[PDB]
Amino acid sequence: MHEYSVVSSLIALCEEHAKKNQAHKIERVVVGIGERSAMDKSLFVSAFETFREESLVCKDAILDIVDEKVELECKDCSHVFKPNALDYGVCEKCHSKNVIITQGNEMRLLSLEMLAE
Ligand SMILES: [Zn+2]
């Protein structure tokens with residue numbers, strides 16, 4: 001969740017995808033960060049520059065961020081959905097307290113531009 005820890009995880013994640021795609025160099029990494037996320041985009045793009053130099057694979061990668069809407073799950077109520085109103089923070093099937101954000105709380109990878117080995 002903390003920005004430098006997520007980016008350090010991201011560079012390794014970029015490398016594993018490079019192994020999985022049989023690619024040696026990534027030119028662009030695009031991510032999705034939730035609109036109500038527990039993350040700071042300003043430090044995220046600074047941390048990305050700080051860690052990308054550590055690896056040849058990610059060194060020249062262009063970083064782009066897409067803002068995404070949160071997704072919610074209700075503690076056992078079968079409900080996972082994207083909220084559509086100011087009713088964020090509760091389920092809509094019931095309006096029970098104690099629902100949790102499943103997506104949009106932390107960063108996700110959307111696409112990578114890559115050069116084959
Ligand atoms: Zn519910």
# chains A, B, ... in the order shown; residues from 1 in each chain; ligands from 1
>>> residues_near_ligand(ligand="ligand 1", cutoff="9 Å", atoms="only C-alpha atoms and all ligand atoms", output="ChimeraX atom specification")
/A:73-80,90-99
>>> closest_atom_pairs(of="stretch 80-112 of chain A", to="stretch 51-63 of chain A", cutoff="12 Å", atoms="only C-alpha atoms", output="tab-separated table")
residue	atom	partner	partner_atom	distance
A:109	CA	A:63	CA	10.8
A:110	CA	A:63	CA	11.3
A:111	CA	A:63	CA	10.7
A:112	CA	A:61	CA	9.1
>>> write_last_selection(atoms="N, CA and C atoms", output="PDB file, in the first residue's frame")
ATOM      1  N   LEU A 109      -2.136  -3.233 -12.783  1.00  0.00           N
ATOM      2  CA  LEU A 109      -1.502  -3.056 -14.097  1.00  0.00           C
ATOM      3  C   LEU A 109      -2.558  -3.207 -15.169  1.00  0.00           C
ATOM      4  N   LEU A 110      -2.541  -2.343 -16.165  1.00  0.00           N
ATOM      5  CA  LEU A 110      -3.509  -2.473 -17.256  1.00  0.00           C
ATOM      6  C   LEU A 110      -2.884  -3.017 -18.549  1.00  0.00           C
ATOM      7  N   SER A 111      -1.778  -2.433 -18.990  1.00  0.00           N
ATOM      8  CA  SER A 111      -1.070  -2.868 -20.211  1.00  0.00           C
ATOM      9  C   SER A 111       0.411  -2.551 -20.151  1.00  0.00           C
ATOM     10  N   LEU A 112       1.194  -3.257 -20.947  1.00  0.00           N
ATOM     11  CA  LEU A 112       2.641  -2.978 -21.049  1.00  0.00           C
ATOM     12  C   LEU A 112       3.034  -2.938 -22.544  1.00  0.00           C
TER      13      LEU A 112
END
>>> closest_residue(among="A:87, A:15, A:117, A:67", to="residue A:29", atoms="only C-alpha atoms")
A:15
>>> atom_distance(atom1="atom CA of residue A:116", atom2="atom CA of residue A:66")
25.5 Å
>>> residues_around(residues="residue A:45", least_positions_apart="4", cutoff="10 Å", atoms="only C-alpha atoms", output="ChimeraX atom specification")
/A:3-4,7,40-41,49-50,63-65
>>> atom_distance(atom1="atom CA of residue A:103", atom2="atom CA of residue A:46")
23.0 Å
>>> select_by_dssp(residues="chain A", states="alpha helix (DSSP H)", output="ChimeraX atom specification")
/A:3-20,41-52
>>> write_last_selection(atoms="N, CA, C and O atoms", output="short mmCIF file (atom, residue, chain, number, x, y, z; two decimals), in the first residue's frame")
data_model
loop_
_atom_site.label_atom_id
_atom_site.label_comp_id
_atom_site.auth_asym_id
_atom_site.auth_seq_id
_atom_site.Cartn_x
_atom_site.Cartn_y
_atom_site.Cartn_z
N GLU A 3 3.67 3.87 -1.01
CA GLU A 3 4.01 4.05 -2.41
C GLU A 3 5.30 3.42 -2.89
O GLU A 3 5.33 2.80 -3.97
N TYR A 4 6.37 3.57 -2.15
CA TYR A 4 7.66 3.05 -2.57
C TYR A 4 7.63 1.51 -2.51
O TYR A 4 8.30 0.86 -3.29
N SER A 5 6.84 0.93 -1.59
CA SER A 5 6.78 -0.50 -1.46
C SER A 5 6.00 -1.05 -2.66
O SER A 5 6.34 -2.11 -3.19
N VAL A 6 4.95 -0.37 -3.08
CA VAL A 6 4.15 -0.83 -4.23
C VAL A 6 4.98 -0.70 -5.48
O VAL A 6 4.96 -1.59 -6.30
N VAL A 7 5.74 0.38 -5.62
CA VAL A 7 6.56 0.56 -6.83
C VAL A 7 7.67 -0.45 -6.81
O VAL A 7 7.96 -1.04 -7.85
N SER A 8 8.29 -0.76 -5.68
CA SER A 8 9.34 -1.77 -5.67
C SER A 8 8.75 -3.13 -6.09
O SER A 8 9.42 -3.93 -6.76
N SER A 9 7.50 -3.37 -5.69
CA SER A 9 6.82 -4.61 -6.08
C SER A 9 6.49 -4.56 -7.58
O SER A 9 6.60 -5.57 -8.27
N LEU A 10 6.10 -3.39 -8.07
CA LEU A 10 5.77 -3.17 -9.45
C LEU A 10 6.94 -3.41 -10.37
O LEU A 10 6.78 -4.03 -11.39
N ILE A 11 8.13 -2.94 -10.04
CA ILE A 11 9.27 -3.16 -10.94
C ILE A 11 9.52 -4.66 -11.04
O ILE A 11 9.78 -5.16 -12.14
N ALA A 12 9.40 -5.40 -9.95
CA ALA A 12 9.63 -6.84 -10.01
C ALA A 12 8.50 -7.48 -10.80
O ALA A 12 8.71 -8.44 -11.52
N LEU A 13 7.31 -6.95 -10.65
CA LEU A 13 6.13 -7.45 -11.37
C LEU A 13 6.29 -7.21 -12.87
O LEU A 13 5.92 -8.01 -13.71
N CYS A 14 6.89 -6.09 -13.20
CA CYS A 14 7.15 -5.77 -14.60
C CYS A 14 8.18 -6.77 -15.13
O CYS A 14 8.03 -7.28 -16.23
N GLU A 15 9.19 -7.08 -14.34
CA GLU A 15 10.18 -8.05 -14.78
C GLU A 15 9.60 -9.44 -14.92
O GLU A 15 9.97 -10.16 -15.83
N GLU A 16 8.73 -9.86 -14.02
CA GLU A 16 8.20 -11.20 -14.16
C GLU A 16 7.33 -11.28 -15.43
O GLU A 16 7.33 -12.25 -16.14
N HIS A 17 6.63 -10.21 -15.75
CA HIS A 17 5.83 -10.17 -16.96
C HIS A 17 6.73 -10.18 -18.16
O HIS A 17 6.39 -10.77 -19.20
N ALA A 18 7.90 -9.60 -18.01
CA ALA A 18 8.87 -9.63 -19.09
C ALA A 18 9.31 -11.08 -19.30
O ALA A 18 9.46 -11.52 -20.44
N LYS A 19 9.50 -11.83 -18.23
CA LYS A 19 9.88 -13.25 -18.38
C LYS A 19 8.73 -14.06 -19.00
O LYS A 19 8.96 -14.96 -19.80
N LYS A 20 7.52 -13.72 -18.58
CA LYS A 20 6.31 -14.44 -19.01
C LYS A 20 5.97 -14.11 -20.44
O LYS A 20 5.35 -14.92 -21.12
N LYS A 41 -0.79 9.51 -6.08
CA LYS A 41 -0.25 9.50 -7.44
C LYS A 41 1.00 10.34 -7.62
O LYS A 41 1.84 10.03 -8.45
N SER A 42 1.12 11.41 -6.84
CA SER A 42 2.26 12.30 -6.99
C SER A 42 3.53 11.61 -6.53
O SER A 42 4.61 11.73 -7.14
N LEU A 43 3.43 10.84 -5.46
CA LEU A 43 4.61 10.11 -4.99
C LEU A 43 4.78 8.83 -5.80
O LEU A 43 5.87 8.33 -5.91
N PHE A 44 3.69 8.32 -6.36
CA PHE A 44 3.77 7.12 -7.17
C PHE A 44 4.62 7.35 -8.41
O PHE A 44 5.46 6.54 -8.75
N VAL A 45 4.44 8.47 -9.10
CA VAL A 45 5.23 8.74 -10.30
C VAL A 45 6.67 9.11 -9.91
O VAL A 45 7.55 8.94 -10.72
N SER A 46 6.92 9.62 -8.71
CA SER A 46 8.30 9.94 -8.30
C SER A 46 9.03 8.65 -7.92
O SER A 46 10.20 8.44 -8.25
N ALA A 47 8.31 7.74 -7.25
CA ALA A 47 8.88 6.47 -6.82
C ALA A 47 9.16 5.63 -8.06
O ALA A 47 10.13 4.86 -8.12
N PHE A 48 8.31 5.76 -9.08
CA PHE A 48 8.53 4.97 -10.29
C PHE A 48 9.86 5.39 -10.92
O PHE A 48 10.62 4.56 -11.44
N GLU A 49 10.16 6.67 -10.89
CA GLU A 49 11.43 7.11 -11.46
C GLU A 49 12.58 6.65 -10.58
O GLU A 49 13.67 6.36 -11.08
N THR A 50 12.36 6.64 -9.27
CA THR A 50 13.41 6.26 -8.33
C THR A 50 13.80 4.78 -8.51
O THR A 50 14.98 4.44 -8.49
N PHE A 51 12.82 3.90 -8.65
CA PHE A 51 13.08 2.44 -8.80
C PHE A 51 13.32 1.93 -10.23
O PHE A 51 13.86 0.86 -10.37
N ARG A 52 12.86 2.62 -11.26
CA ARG A 52 13.01 2.05 -12.62
C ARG A 52 14.45 1.95 -13.07
O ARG A 52 14.80 1.08 -13.85
#
>>> select_by_dssp(residues="chain A", states="strand (DSSP E)", output="ChimeraX atom specification")
/A:23-34,62-68,71-74,99-103,108-116
>>> write_last_selection(atoms="N, CA and C atoms", output="compact mmCIF listing (two decimals), in the first residue's frame")
# COMPACT_ATOMS: atom_id res chain seq x y z
N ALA A 23 10.11 -11.29 -23.18
CA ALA A 23 10.53 -9.98 -23.61
C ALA A 23 11.71 -9.51 -22.76
N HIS A 24 12.59 -8.72 -23.34
CA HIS A 24 13.80 -8.26 -22.62
C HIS A 24 13.73 -6.80 -22.15
N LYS A 25 12.81 -6.00 -22.69
CA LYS A 25 12.77 -4.57 -22.38
C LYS A 25 11.35 -3.99 -22.45
N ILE A 26 10.92 -3.23 -21.48
CA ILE A 26 9.55 -2.67 -21.44
C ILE A 26 9.67 -1.17 -21.75
N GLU A 27 8.94 -0.70 -22.75
CA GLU A 27 8.98 0.71 -23.12
C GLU A 27 7.90 1.56 -22.45
N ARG A 28 6.81 0.93 -22.03
CA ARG A 28 5.71 1.67 -21.41
C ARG A 28 4.98 0.77 -20.42
N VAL A 29 4.62 1.31 -19.26
CA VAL A 29 3.85 0.60 -18.25
C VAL A 29 2.66 1.50 -17.98
N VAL A 30 1.45 1.00 -18.11
CA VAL A 30 0.28 1.83 -17.80
C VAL A 30 -0.42 1.12 -16.65
N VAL A 31 -0.86 1.90 -15.66
CA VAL A 31 -1.45 1.36 -14.45
C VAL A 31 -2.80 2.02 -14.22
N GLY A 32 -3.56 1.40 -13.36
CA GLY A 32 -4.84 1.94 -12.97
C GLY A 32 -4.76 2.12 -11.48
N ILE A 33 -5.13 3.29 -10.97
CA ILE A 33 -5.09 3.59 -9.56
C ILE A 33 -6.50 4.08 -9.28
N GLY A 34 -7.10 3.57 -8.22
CA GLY A 34 -8.45 3.96 -7.89
C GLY A 34 -8.62 5.40 -7.51
N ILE A 62 7.75 4.38 -19.92
CA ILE A 62 6.91 5.55 -19.74
C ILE A 62 5.80 5.13 -18.81
N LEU A 63 5.55 5.92 -17.77
CA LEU A 63 4.49 5.56 -16.82
C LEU A 63 3.28 6.45 -17.00
N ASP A 64 2.11 5.84 -17.20
CA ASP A 64 0.83 6.53 -17.37
C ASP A 64 -0.14 5.99 -16.32
N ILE A 65 -1.03 6.84 -15.79
CA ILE A 65 -2.02 6.38 -14.78
C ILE A 65 -3.48 6.68 -15.23
N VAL A 66 -4.31 5.68 -15.11
CA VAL A 66 -5.74 5.77 -15.39
C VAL A 66 -6.48 5.72 -14.06
N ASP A 67 -7.38 6.66 -13.85
CA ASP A 67 -8.13 6.72 -12.60
C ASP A 67 -9.33 5.76 -12.71
N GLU A 68 -9.48 4.84 -11.77
CA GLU A 68 -10.56 3.86 -11.81
C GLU A 68 -11.55 3.94 -10.64
N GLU A 71 -14.63 -0.89 -6.52
CA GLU A 71 -15.54 -2.05 -6.57
C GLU A 71 -15.68 -2.51 -5.10
N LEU A 72 -16.86 -2.92 -4.71
CA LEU A 72 -17.14 -3.26 -3.31
C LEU A 72 -17.68 -4.67 -3.13
N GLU A 73 -17.39 -5.26 -2.00
CA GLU A 73 -17.87 -6.56 -1.61
C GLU A 73 -18.48 -6.35 -0.29
N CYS A 74 -19.54 -7.08 0.02
CA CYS A 74 -20.20 -6.94 1.31
C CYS A 74 -19.77 -8.16 2.10
N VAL A 99 -18.46 -3.24 4.63
CA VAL A 99 -18.26 -3.74 3.28
C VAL A 99 -16.81 -3.40 3.03
N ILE A 100 -16.16 -4.05 2.08
CA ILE A 100 -14.75 -3.78 1.82
C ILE A 100 -14.51 -3.53 0.34
N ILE A 101 -13.56 -2.66 0.06
CA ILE A 101 -13.20 -2.35 -1.31
C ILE A 101 -12.33 -3.48 -1.84
N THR A 102 -12.69 -4.03 -2.98
CA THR A 102 -11.92 -5.12 -3.55
C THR A 102 -10.96 -4.62 -4.60
N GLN A 103 -11.40 -3.61 -5.33
CA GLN A 103 -10.58 -3.03 -6.38
C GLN A 103 -10.73 -1.53 -6.29
N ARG A 108 -3.18 -1.30 -9.88
CA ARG A 108 -3.35 -2.45 -10.77
C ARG A 108 -2.60 -2.22 -12.08
N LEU A 109 -2.14 -3.23 -12.78
CA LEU A 109 -1.50 -3.06 -14.10
C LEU A 109 -2.56 -3.21 -15.17
N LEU A 110 -2.54 -2.34 -16.17
CA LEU A 110 -3.51 -2.47 -17.26
C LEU A 110 -2.88 -3.02 -18.55
N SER A 111 -1.78 -2.43 -18.99
CA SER A 111 -1.07 -2.87 -20.21
C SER A 111 0.41 -2.55 -20.15
N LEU A 112 1.19 -3.26 -20.95
CA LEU A 112 2.64 -2.98 -21.05
C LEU A 112 3.03 -2.94 -22.54
N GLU A 113 3.96 -2.07 -22.94
CA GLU A 113 4.49 -2.08 -24.32
C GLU A 113 5.85 -2.74 -24.21
N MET A 114 6.14 -3.77 -24.99
CA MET A 114 7.35 -4.54 -24.72
C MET A 114 8.15 -4.92 -25.97
N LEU A 115 9.44 -5.15 -25.82
CA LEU A 115 10.29 -5.54 -26.93
C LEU A 115 10.67 -7.03 -26.74
N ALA A 116 10.46 -7.83 -27.77
CA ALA A 116 10.73 -9.28 -27.70
C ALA A 116 12.25 -9.55 -27.55
>>> atom_distance(atom1="atom CA of residue A:84", atom2="atom CA of residue A:39")
22.1 Å
>>> closest_residue(among="A:83, A:2, A:22, A:89", to="residue A:38", atoms="only C-alpha atoms")
A:2
